[PDB]
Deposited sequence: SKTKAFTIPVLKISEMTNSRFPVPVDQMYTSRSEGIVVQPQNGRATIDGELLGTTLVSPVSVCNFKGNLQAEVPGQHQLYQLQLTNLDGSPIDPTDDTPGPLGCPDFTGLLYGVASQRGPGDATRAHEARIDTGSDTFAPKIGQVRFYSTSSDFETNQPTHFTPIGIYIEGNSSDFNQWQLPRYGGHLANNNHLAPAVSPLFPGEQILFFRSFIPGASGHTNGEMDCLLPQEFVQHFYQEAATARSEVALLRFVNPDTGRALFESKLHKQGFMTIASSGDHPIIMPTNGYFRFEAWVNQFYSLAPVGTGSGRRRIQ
């Protein structure tokens, strides 16, 4: 079994198409950690709405069906899957792969190519928390400060950041609209062993407006998802022991438990970033059980 050699700064966030900024740990007090993107067993089984492509999460693609009545510069998208295939509500997923897994005002740019090679693009916002947001059945709407959009022309939404007018990275959206309950969701995760906390790979996504640190925590960097999908090595135990080492010194910095279901934990207490030498990276050490005792920090 193996994990690719990568510095924190070479990692890609698996919940938003941007690099990882830092490792971070938390008590996650009063919160259910149940992301749907960046979900993969160390076995190579992708969960939730997780796809392998690292530049597709939070992107949308589909036909510009029409403009909603009354509301201006608010457009209705008829989604296809990001790879072009038609949206299939019968799939055993909460929603289309790469679909945002948080509630908030997603800021981005909607572009079109057509008729012919004619193109146009403008800022756009999609409220993943709005009642009408129903990507599971292909119904998604975006607001734009421009009316320069063609009806029935291929359209794509490129994500950028969050717009604050609120952004809740742990609040799952209703993939099927206000009249449907989510299903097929990757399970929530949490540390079960005393003194441990989940280790997150955090990024500060861009803010388009208002106040926000745009904190976005994912359980595994996208590269680990791709590697597990690719290797499909058998999990010899429920926990793969990793050890963060500093190639510069030869010094190892701390150990972490990579759980079979796809998340890491460390022996730590409180909400704080895990600051380490820039060239540090994780390496597989051995197979242990969930009772393995880790030294703090």
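In this chain the deposited sequence has gaps in the coordinates at 1-5, 171-174, 307-316, listed in sequence order.
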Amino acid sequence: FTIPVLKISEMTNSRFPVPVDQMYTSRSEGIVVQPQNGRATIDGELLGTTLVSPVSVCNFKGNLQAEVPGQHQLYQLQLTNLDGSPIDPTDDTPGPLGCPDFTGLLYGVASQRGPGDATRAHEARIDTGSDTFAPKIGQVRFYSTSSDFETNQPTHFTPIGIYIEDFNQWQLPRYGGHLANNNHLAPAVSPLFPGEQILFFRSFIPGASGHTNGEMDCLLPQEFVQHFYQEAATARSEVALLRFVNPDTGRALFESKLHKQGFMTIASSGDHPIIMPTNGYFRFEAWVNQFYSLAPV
From here on, numbers count along this sequence of modelled residues.
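Taking the PDB entry as given, 109-117 carries the higher mean Cα B factor of the two stretches 109-117 and 222-230. Between 256-264 and 26-34, it is 26-34 that carries the larger average Cα temperature factor according to the deposited entry. The residue among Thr155, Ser85, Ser203, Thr158 whose C-alpha atom has the highest B-factor in the PDB entry is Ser85. Annotation for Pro54: CA B-factor lies in the lowest third of the chain's modelled residues. Among the modelled residues of its chain, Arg251 has a C-alpha B-factor that falls in the highest third according to the deposited record. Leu6: CA B factor in the lowest third of modelled residues in this chain (values from the PDB entry).
Per-chain ranking of the deposited C-alpha B factor places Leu242 in the lowest third.
The entry lists a Cα temperature factor for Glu150 that places it in the highest third of the chain's modelled residues.
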